[PDB]
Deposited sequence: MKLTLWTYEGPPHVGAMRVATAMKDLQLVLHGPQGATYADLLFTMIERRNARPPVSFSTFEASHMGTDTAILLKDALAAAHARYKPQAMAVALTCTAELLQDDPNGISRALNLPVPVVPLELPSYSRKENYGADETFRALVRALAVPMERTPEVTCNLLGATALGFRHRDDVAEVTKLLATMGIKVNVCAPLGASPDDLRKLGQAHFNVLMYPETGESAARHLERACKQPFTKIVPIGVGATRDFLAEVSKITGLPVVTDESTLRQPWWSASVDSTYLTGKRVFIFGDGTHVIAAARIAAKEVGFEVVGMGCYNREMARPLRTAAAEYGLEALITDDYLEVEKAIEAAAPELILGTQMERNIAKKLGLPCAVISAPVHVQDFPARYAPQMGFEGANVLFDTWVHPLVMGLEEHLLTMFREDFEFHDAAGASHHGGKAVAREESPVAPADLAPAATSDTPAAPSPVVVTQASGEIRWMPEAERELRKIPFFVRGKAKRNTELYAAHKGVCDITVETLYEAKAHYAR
């Protein structure tokens, strides 16, 4: 038992939901208690969706302890009602403690579409694992070896529902691949139907956009479909360049860039940015966004990276490898009190992190920007707001620098009283 107030990540079943809601024509059925539907809210409210997530719960209660029957009707009702191309079934943390076997129950029922069962270790793993696993499982269950499309094409892998800037990152990466002759085959799970998943095999290679929600499924595709997948995530001008280089090697195609709107390199080089130099930054968040943020901070903006860490166990190796290159020991924790402590010890001048760090930042009168989930409604915006590629860099620059000029502004203004 661990006293817990703040949690960076949900239970794994929310990760499952994140894959389901990301897709179309797929119904997720979760065995769980009356009350388990509370996650509904994250999708309809934070992501401001216009449809209930394609998720249904058996919703058992006290009187029901005496329930395998319930999951069966739940699976049945979802098919009858929505006639989806495919389904997935799994257990909530409460139903993890029950007897009922999702695998046995769904094969008993025998429906005219595939039903993928999922293992969700609700007492050992969290949201991201949930999403990686569900996505992986769905892919193993539908991806067939296939003939390569005549034109050069790739898959976008790992874009999910409550993804920090997934919507616009997908838009942005599609653009820069297209500026280089590559057309997108299918994007999964975001936007994909189970039928789209069956057509994955025919792409030449895979863009792994988000390691924590797509890696597993990218590997399966490497052995199962002879599909290589990109290791570099294009956040930051430099990392975007190398990503493009990486694609060149994979495809043989020459690197072609439309930089007519890339304003970050000049902005940062510009005279105004000279006092950014040496500014101490603390960086926290999810493995992927932290690694990218640190390269931008050191090699692109000129901050001193003074602290680096993440909440997701899964990225602890790539992060330690990376942090090492800055003379820094990675901080791996999901205890916001460990972060609060580390920030205080590092005493940065800017903090880059999550909604939580936003708050810590305010507690300590420090400027602050948000770089990764978990995040509130604000950071699911109406305006175009990628993190990847060139517009990504542009956007990043404005977001980070803004709270510094405000700080300088508040300081100076009160200093003239």
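Deposited-sequence segments unaccounted for in the coordinates: Going by the record, the segments left unmodelled (no C-alpha atoms) fall at 67-68, 420-525.
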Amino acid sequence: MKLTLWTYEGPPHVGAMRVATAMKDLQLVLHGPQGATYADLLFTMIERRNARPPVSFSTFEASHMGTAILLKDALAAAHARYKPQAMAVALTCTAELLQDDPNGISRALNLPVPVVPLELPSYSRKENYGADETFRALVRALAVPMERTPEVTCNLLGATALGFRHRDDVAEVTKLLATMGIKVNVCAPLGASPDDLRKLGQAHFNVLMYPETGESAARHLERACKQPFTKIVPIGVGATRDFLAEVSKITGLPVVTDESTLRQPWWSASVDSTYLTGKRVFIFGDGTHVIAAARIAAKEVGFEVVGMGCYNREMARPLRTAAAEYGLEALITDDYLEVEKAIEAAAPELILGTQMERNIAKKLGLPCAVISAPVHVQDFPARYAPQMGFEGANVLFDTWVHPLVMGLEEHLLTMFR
From here on, numbers count along this sequence of modelled residues.
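Out of 261-269 and 174-182, which stretch has the higher average CA B-factor listed in the record? Mean B over CA atoms: larger for 174-182.
Of 275-283 and 252-260, the one with larger mean CA B-factor: Between 252-260 and 275-283, it is 252-260.
Per the PDB entry, maximal CA B factor within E325, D169, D196, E304: Answer for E325, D169, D196, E304: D196, with the highest C-alpha B-factor.
Please pick out which of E349, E357, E47, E61 has the largest Cα B-factor as recorded in the entry. Within the set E349, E357, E47, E61, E61 shows the top C-alpha B-factor.
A76 by Cα B-factor - lowest, middle or highest third of the modelled chain: Answer is highest: the recorded C-alpha B-factor places it there.
For the chain shown, is the CA B-factor of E9 in the lowest, middle or highest third of its modelled residues? Answer is lowest: the recorded C-alpha B-factor places it there.
Please place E147 in the lowest, middle or highest third of its chain according to the CA B-factor in the PDB entry. Top third by C-alpha B-factor.
Third assignment of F390 from its chain's C-alpha B-factors: Lowest third - that is where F390 ends up once the chain's C-alpha B-factors are sorted.
Ranking every modelled residue in this chain by its Cα temperature factor as given in the entry, which third contains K83? Within its chain, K83 is a middle-third residue by C-alpha B-factor, going by the deposited values.
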